[PDB]
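Notes follow once the structure below has been shown.
Residue numbers start from 1 in every chain, and the chains themselves are labelled A, B, ... in the order their sequence lines are given, proteins ahead of strands. Hydrogens, waters and symmetry mates play no part in the numbers below; they use all other heavy atoms, side chains included.
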Amino acid sequence: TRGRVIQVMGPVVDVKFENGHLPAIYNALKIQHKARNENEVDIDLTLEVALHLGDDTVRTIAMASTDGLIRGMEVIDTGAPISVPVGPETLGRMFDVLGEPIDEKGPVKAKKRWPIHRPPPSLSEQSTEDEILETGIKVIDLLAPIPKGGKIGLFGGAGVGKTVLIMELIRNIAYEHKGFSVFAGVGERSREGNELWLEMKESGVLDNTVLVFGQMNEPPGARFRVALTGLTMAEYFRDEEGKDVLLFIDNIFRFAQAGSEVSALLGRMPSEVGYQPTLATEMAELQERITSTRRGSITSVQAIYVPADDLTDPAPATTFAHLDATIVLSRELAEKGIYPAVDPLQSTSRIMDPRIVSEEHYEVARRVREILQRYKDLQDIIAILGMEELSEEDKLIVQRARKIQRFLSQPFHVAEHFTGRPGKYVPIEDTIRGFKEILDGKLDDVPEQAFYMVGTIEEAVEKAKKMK
Amino acid sequence: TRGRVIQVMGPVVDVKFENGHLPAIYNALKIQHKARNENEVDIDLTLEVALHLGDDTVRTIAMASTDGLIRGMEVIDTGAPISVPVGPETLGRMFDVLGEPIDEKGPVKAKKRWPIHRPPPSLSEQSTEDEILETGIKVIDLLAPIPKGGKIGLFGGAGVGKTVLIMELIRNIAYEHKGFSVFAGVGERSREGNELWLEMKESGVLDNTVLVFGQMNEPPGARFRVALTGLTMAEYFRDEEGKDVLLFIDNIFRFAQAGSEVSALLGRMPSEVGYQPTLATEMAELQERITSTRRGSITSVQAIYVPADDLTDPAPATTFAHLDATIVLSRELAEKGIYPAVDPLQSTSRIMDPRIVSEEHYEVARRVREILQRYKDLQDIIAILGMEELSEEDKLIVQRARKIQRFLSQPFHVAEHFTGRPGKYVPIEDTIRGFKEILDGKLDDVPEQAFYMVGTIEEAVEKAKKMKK
Amino acid sequence: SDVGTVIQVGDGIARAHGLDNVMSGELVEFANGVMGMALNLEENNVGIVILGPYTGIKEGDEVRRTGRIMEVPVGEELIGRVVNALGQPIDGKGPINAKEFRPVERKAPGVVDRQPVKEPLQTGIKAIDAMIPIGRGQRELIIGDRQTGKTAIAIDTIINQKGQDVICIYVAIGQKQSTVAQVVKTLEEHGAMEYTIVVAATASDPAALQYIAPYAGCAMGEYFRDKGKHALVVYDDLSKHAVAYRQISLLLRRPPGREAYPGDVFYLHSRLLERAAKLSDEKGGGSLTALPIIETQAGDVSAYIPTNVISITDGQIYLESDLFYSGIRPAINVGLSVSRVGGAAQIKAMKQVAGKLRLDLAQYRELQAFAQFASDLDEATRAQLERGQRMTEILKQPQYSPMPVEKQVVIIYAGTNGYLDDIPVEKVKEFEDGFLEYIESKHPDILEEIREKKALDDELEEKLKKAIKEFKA
Ligand SMILES: Nc1ncnc2c1ncn2[C@@H]1O[C@H](COP(=O)(O)OP(=O)(O)OP(=O)(O)O)[C@@H](O)[C@H]1O
Ligand SMILES: Nc1ncnc2c1ncn2[C@@H]1O[C@H](COP(=O)(O)OP(=O)(O)O)[C@@H](O)[C@H]1O
Ligand SMILES: Nc1ncnc2c1ncn2[C@@H]1O[C@H](COP(=O)(O)OP(=O)(O)O)[C@@H](O)[C@H]1O
Ligand SMILES: [Mg+2]
Ligand SMILES: [Mg+2]
Ligand SMILES: [Mg+2]
């Protein structure tokens with residue numbers, strides 16, 4: 001049943017086997033070799049079967065560094081895909097891509113191991129729940145309400161605020177629901193991952209949480225399969241235990257790039273901007289499993305890196321079809337000091353219908369999006385002609401749009417090191433009441449600077465009093 | 001002799017010939033197979049040879065669907081290119097790219113068959129007797145005259161009026177010129193081939209016209225060779241009958257896109273914006289065969305789709321070189337009710353010289369382009385400031401430009417059903433006389449509404465009275 | 001022999017030796033029981049595209065030719081049900097007892113087999129039915145950026161076919177299982193499932209199924225056309241269908257072209273969309289109309305697949321991300337959208353009022369380029385600006401709110417003849433509903449006459465009956 005290494009090309013390794021004893025696709029293989037003399041190095045490596053080539057040969061992707069491999073090394077077949085522990089024994093533990101523990105706590109000893117590749121729920125198992133998840137974040141709770149059991153996607157370039165926004169959502173939602181939580185950290189920073197683990201270990205929240213990481217510095221085999229390890233652990237709580245769970249992923253773009261790095265070495269023809277021909281199929285294998293069924297529910301918050309600030313790129317472009325809510329972060333807002341920097345004209349959700357939200361909520365959100373679009377359509381005219389040449393209506397529309405764009409700003413609890421302010425939580429009632437009061441012109445005699453970094457409208461009014 | 005199918009990949013087929021000899025490039029091949037058992041399907045297919053590969057093997061482009069083909073099927077060499085019927089028997093008939101009749105009227109039974117790939121006329125056989133072909137359309141005959149033996153291009157986006165303008169031109173030639181016409185529907189929408197066939201069968205114009213279509217749903221090899229089939233049928237009337245004939249080609253953009261698809265299928269490297277490297281050579285093989293010689297003349301009207309309003313795209317750009325005259329149709333005129341919707345400021349021809357057309361024709365057409373341009377230079381001031389601020393000269397210049405702008409409008413016979421307006425044909429003498437009388441300021445105390453949709457200028461003068469003014 | 005064996009296996013693609021007598025496009029069966037299509041025939045191998053889970057196929061496995069072309073079940077029995085790209089049920093309501101089967105690949109009706117399209121396909125949407133008309137055998141494209149309202153126009157159109165003899169086929173290509181289920185509940189909520197067939201190739205399904213889906217939905221629509229009935233077919237996104245074909249063609253090693261797509265891609269959509277037609281009386285007078293949808297990246301209408309499908313269709317509806325956030329809710333660019341069949345598709349009453357609306361909007365588009373200043377514009381220019389702003393408002397309509405053709409005529413008539421001109425711009429939307437409730441509640445004879453004659457000519461009463469409403473409301 002055993003085989004031998006024939007070629008090594010970076011992350012890709014080719015293996016040849018005996019007559020008719022070939023392993024299936026997605027099947028795991030093992031390399032365990034001890035140095036025979038001082039010119040060799042000890043190796044412990046796992047390979048995943050990618051395709052059949054002919055001449056009893058198979059092409060594979062390595063899960064760790066291929067340094068030290070030699071042509072002719074013996075390889076063993078495990079008979080099944082990468083299998084990871086599942087169950088309540090996995091709560092409060094940190095894991096590697098292969099489901100082995102990162103923490104110094106000891107062996108997990110779980111009762112069952114599940115394969116990383118499973119078919120998604122059929123059309124008859126789907127759910128159609130229309131329930132609003134309140135986040136306490138003034139921009140999302142108004143313009144892009146989060147559906148329970150749906151997918152919410154955070155799109156942004158480098159350093160716009162995706163991680164600061166994910167961590168504020170983790171803090172606010174996991175506080176009151178007390179359900180099981182999972183965080184994957186596919187492209188999560190080891191420094192941030194350490195800051196998260198310490199807070200969860202001291203606050204006790206870790207006892208209900210599963211963690212899988214898979215750092216930036218890892219080879220593409222790990223960056224490609226790590227999102228599926230966290231998802232396979234979150235699926236057990238939905239399928240076999242019937243619970244409602246939160247699944248956080250700091251970067252699904254890294255999962256796409258890891259497939260791109262692999263594709264040239266596999267022998268495939270490239271597509272647009274050098275990507276793999278299979279890009280939409282691979283994103284759907286991950287995203288179709290993240291759904292709520294008649295047994296239980298999976299709600300997910302995901303961050304998507306946008307390379308070179310271009311949303312037309314194949315990876316971000318392919319992802320939009322799968323999300324129930326989409327939040328886009330703009331550098332123009334970040335460079336102007338307005339945080340969380342969410343773009344009001346490109347952010348949307350499935351739930352923003354007159355049949356799912358109140359008449360007062362629908363009307364306020366409509367009036368906000370419209371006044372900001374009218375202000376966007378005038379920044380050229382205000383540049384070519386003096387502001388004293390604009391009509392009274394346009395003059396008021398500019399002042400109201402100016403107040404609104406900064407009243408959308410809020411100091412987060414997870415950002416006290418950057419904002420220099422305590423941090424605030426705002427209920428939906430005060431968000432709607434707040435924007436309605438500005439839109440209706442009751443606050444025309446208040447400076448724009450009073451609306452920046454305040455949680456609620458009553459605060460803006462005392463912030464105006466603190467300045468004669 | 002006989003060859004065998006070796007590979008099948010979409011519209012592309014590879015054939016091996018072995019003994020005897022290999023077919024020439026552009027040579028037609030035939031596949032005729034009857035199902036040997038119930039697991040097979042009957043096939044009737046024609047292929048065109050494109051290149052030699054070695055190992056007694058040739059690569060070919062299929063003229064119809066390759067579904068049901070099997071490796072090892074026998075192939076026959078016809079010894080020549082695609083050959084189509086020619087002669088007076090081809091008048092009033094609808095044809096496929098291979099020259100087989102589409103209509104149920106029966107076999108054409110013509111006396112001769114000509115190949116689709118023949119050399120163009122030589123520099124010695126070229127004639128230089130330039131003159132004007134009267135269309136009866138008041139915008140073309142003044143601003144962009146058509147040379148006999150020359151090429152005229154109609155440029156525009158979707159819904160501007162290109163096919164209706166082509167249908168009216170086909171009628172007018174069959175009405176007073178009594179000539180023979182050919183229409184080549186290169187990549188034609190089957191909904192439109194039905195409307196062209198019905199207008200011509202009821203108006204009687206079909207008995208003097210040849211229709212070549214194929215279909216927009218056929219493979220790219222068929223969409224590419226169809227314009228040559230219409231041209232090879234138009235050549236016989238010039239060369240063997242010595243007549244003057246008009247060739248209409250609707251959307252050479254589909255011709256350019258079909259050569260691109262064939263080049264991509266054969267494996268050639270993409271050129272500028274993904275077109276074939278051979279674009280200029282292929283366009284020219286069709287445009288050069290259309291010329292006036294010492295035997296007779298072929299003149300041509302061609303429509304060109306402008307994708308996304310960009311005239312710099314390789315397809316429109318390569319076409320401009322072979323155009324004696326140019327017409328640009330503006331969507332802004334079409335939606336304002338002015339038909340045929342030709343832009344008076346972008347339409348031009350090479351024959352617009354005093355040495356080829358009358359001094360009165362040249363002088364009037366100049367005065368028209370000038371007054372229209374002057375009015376274009378003032379419409380900003382007329383909108384922001386009161387019209388009461390314009391000088392006496394400019395005020396009269398605006399009113400004359402306003403009458404001239406609508407006087408370019410004309411009701412077509414092929415479009416009578418849409419609006420109910422009878423349709424008009426205007427001779428060159430009355431087009432020149434009409435614009436001259438407006439430009440000379442003789443006819444000023446007549447309302448602008450009287451010049452919209454009227455034919456000759458006497459009809460505008462009676463219409464003023466019909467409107468009680 | 002007719003037995004082949006597998007020599008390579010990848011992402012839904014396999015290659016085999018043997019199969020000497022297989023034909024182009026034939027179905028082939030693997031020893032595991034799964035099926036695939038023989039797409040490429042080479043000197044020594046056959047390229048097979050798999051129609052199911054490929055992970056069970058290995059090098060050395062036996063593969064056999066079936067001697068059969070790909071076919072799907074058809075008939076009245078598919079109405080009010082949900083099926084996959086092969087016609088198999090996925091709604092959980094049991095088996096389908098269809099009596100006939102049709103190949104998904106058939107030739108389109110010829111030039112002589114057709115007749116001109118002269119009857120309307122009401123969408124119930126005032127911007128489409130007045131300015132961008134659809135006839136009962138026409139192909140119209142819905143095109144625009146993501147989240148602009150593309151499916152809403154197709155679903156509102158399917159819901160309006162209740163009191164009309166039209167079978168509706170909704171084909172979902174590369175959609176999430178969750179959005180398919182959300183659309184199916186909306187169709188049941190409005191009762192559209194009493195005449196609707198749903199075909200769905202999910203994003204999780206192999207590229208071969210997302211490729212077969214539009215052709216299967218087309219075969220089901222053709223059955224009704226061949227029997228003298230009317231049918232409507234929607235393709236939720238042709239952009240994902242092109243991407244699915246790009247994937248298979250690149251994995252099969254066919255040479256790429258423009259924007260990485262295969263040269264064969266124009267023939268892919270034209271062989272599909274030309275099957276929608278109105279037949280001649282000798283063929284039975286039946287009809288099939290199509291509504292394909294395309295998504296543009298950041299407004300690029302000049303891209304390969306968009307320009308390719310724009311050239312195939314008989315008209316296009318353009319949706320703007322700009323109009324959508326500005327409060328013009330259906331978000332249609334009326335100054336760019338076009339239908340060739342316009343006029344012929346509409347009824348005599350609708351055409352008359354469409355005309356004045358067209359001139360008013362065209363003039364307003366000319367004036368708005370310099371509408372930045374209005375206190376300086378001449379009072380005459382203001383008349384053009386004011387009329388244009390009001391005609392724009394009439395076109396605004398809430399989702400799932402089709403207006404009946406007689407009411408669309410009655411309101412466009414009022415705006416075009418200046419009866420809505422005197423009403424304030426913000427108050428126009430309120431006045432529209434109030435006037436329609438007034439005309440239906442008392443003296444309903446105006447709405448009854450327009451349904452029967454379809455030609456107006458009775459306006460003296462409509463004018464006098466309107467003055468009684470405007471006197472105090
Ligand atoms: N006429 C309308 N009035 C109000 N809201 C509308 C209208 N039409 C569509 N919407 C809203 O627009 C949003 C997007 O609609 P829809 O899903 O049909 O757009 P789409 O372009 O097809 O999106 P996608 O590309 O994701 O499929 C939905 O929230 C819908 O309710
Ligand atoms: N809500 C916020 N409040 C204040 N500062 C912020 C906020 N969001 C982003 N920033 C600042 O910008 C950076 C955001 O980092 P991070 O969230 O990791 O960016 P990204 O993940 O998008 O690359 C931090 O340095 C932080 O100081
Ligand atoms: N002379 C005309 N008078 C009135 N309507 C016309 C006229 N010419 C064109 N149209 C209208 O515009 C459409 C033009 O379509 P078509 O000929 O296909 O335009 P194009 O090929 O330039 O895109 C016609 O179907 C008709 O509705
Ligand atoms: Mg970050
Ligand atoms: Mg056209
Ligand atoms: Mg959609």
Charged N to carboxylate O below 4.0 Å: is that the case for [X] and [Y]?
{"X": "B:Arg331", "Y": "B:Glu335", "answer": "yes"}
{"X": "C:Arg390", "Y": "C:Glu393", "answer": "no"}
{"X": "C:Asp314", "Y": "C:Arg340", "answer": "no"}
{"X": "C:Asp458", "Y": "C:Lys453", "answer": "no"}
{"X": "C:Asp360", "Y": "C:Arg365", "answer": "no"}
{"X": "C:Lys429", "Y": "C:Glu432", "answer": "yes"}
{"X": "C:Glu470", "Y": "C:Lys465", "answer": "no"}
{"X": "B:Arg374", "Y": "B:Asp394", "answer": "yes"}
{"X": "C:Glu406", "Y": "C:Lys454", "answer": "no"}

- Query: Knowing that exactly one of C:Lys466, C:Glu459, C:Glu462 qualifies, which makes a side-chain hydrogen bond (donor to acceptor under 3.5 Å, both in side chains) with C:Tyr413?
  - Reply: C:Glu459

- Identified side-chain hydrogen bond (donor to acceptor under 3.5 Å, both in side chains) counterpart of B:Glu448 within the set B:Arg402, B:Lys403, B:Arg406: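 Option passing the side-chain hydrogen bond (donor to acceptor under 3.5 Å, both in side chains) with B:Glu448: B:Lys403.
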
- Is it true that B:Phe412 and B:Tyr339 have ring centroids separated by less than 6.0 Å? no

- Query: Does the ring of C:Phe324 carry C:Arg329 above it, NZ/CZ under 6.0 angstrom from centre and within 45° of its axis?
  - Reply: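 Yes, C:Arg329 lies over the aromatic ring of C:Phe324.
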
- Item | Cation-pi check, C:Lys407 onto C:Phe435 ring (under 6.0 Å, within 45° of axis) |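 So C:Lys407 doesn't make the cation-pi contact.
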
- Message: Using the rule given for side-chain hydrogen bond (donor to acceptor under 3.5 Å, both in side chains), can you reason through B:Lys463 versus B:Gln449, listing the C-alpha separation, both sets of side-chain angles and the distance that settles it, and then say yes or no?
- Response: CA-CA 9 Å; B:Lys463 178 172 173 172; B:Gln449 294 176 334; over 6 Å; no

- Message: Could you check whether any side-chain N or O of C:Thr123 sits under 3.5 Å from a backbone N or O of C:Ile125, counting only pairs where one atom can act as donor and the other as acceptor?
- Response: yes

- Message: Please tell me whether B:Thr348 and B:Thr326 have a donor and an acceptor in their side chains that are separated by less than 3.5 angstrom.
- Response: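 Yes, B:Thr326 and B:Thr348 have a side-chain donor paired with an acceptor closer than 3.5 Å.
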
- Atom CD of B:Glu437: over 12 foreign heavy atoms under 6.0 Å: yes

- Quick one: pull up NZ in C:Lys396 and NZ in C:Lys126 and give me the separation to the nearest 0.5 Å. 10.5 Å

- Item | Shortest non-hydrogen separation from B:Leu165 to B:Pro340 and the atoms involved | CD1-CB, 4.1 Å

